[PDB]
């Protein structure tokens, strides 16, 4: 008794260009499955037309992974001259107790390293400044460097918020409601890697492994250019 996101034409294209992973890396639904009305407690359309992702547990996810319409996985040159752009209108609800960080958008390499995570965090300390209840950008410093550069993007609101990720020419930019919040961050450390976008709910370091993270997307698209 869950309504499928495929019933809304605003999602047809991105679902054609995605596969759904849940609760870890295994695909539960490919593009054709998604287009054919795939729906579950962790992936469904709300009555006000949000695509909602929900998942409990440490490092568990309900997440769309960028695909080509051919069925090939997206694997674009992370630092190439072609622009790759992800856009999403996301409402981040107040998270359940014990949910401490939820990753909502990513640029991931074709191996084991997230180039970029955009996440909600309960608390973060960056160079001696603690922020509470914010949306954060985390860019990994390298494949062999587990550390990352972190940038607060936005004070958390439940209001629908426009996020835009633009990747081109070894630089990455993020806009939030039209305002640039990360301006041409360097990602040259992923020269020679291939990349793709992800979107959904990825539950990072919960303190209650039974609590549900929950993220809602009113619009989602990923594109190439030139």
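Numbering follows the first chain given and starts at 1.
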Response to the item:
Once average C-alpha B-factors are taken from the entry for 214-222 and 201-209, the winner is 201-209
Response to the item:
Quick note on 63-71 and 176-184: per-entry mean CA temperature factor is higher in 176-184
Fill in: Maximum C-alpha temperature factor, selected from 91, 121, 129, 105
129
Worksheet entry | Selection from 27, 169, 166, 52 [criterion: highest C-alpha temperature factor in the record] | 169
Worksheet entry | Assigned third (lowest, middle, highest) for the C-alpha B factor of residue 34 | lowest
Worksheet item: Against its chain's modelled residues, does residue 138's Cα B factor rank lowest, middle or highest third?
Response: lowest
Discussion item. Going by the CA temperature factor in the PDB record, which third of the chain does residue 78 belong to: lowest, middle or highest?
Written reply: middle
Item to complete: Would you mind ranking residue 56 by its C-alpha B-factor against the rest of the chain and naming the third, lowest, middle or highest?
Response: highest
Worksheet item: Ranked by Cα temperature factor within the chain, is residue 99 in the lowest third, the middle third or the highest third?
Response: highest
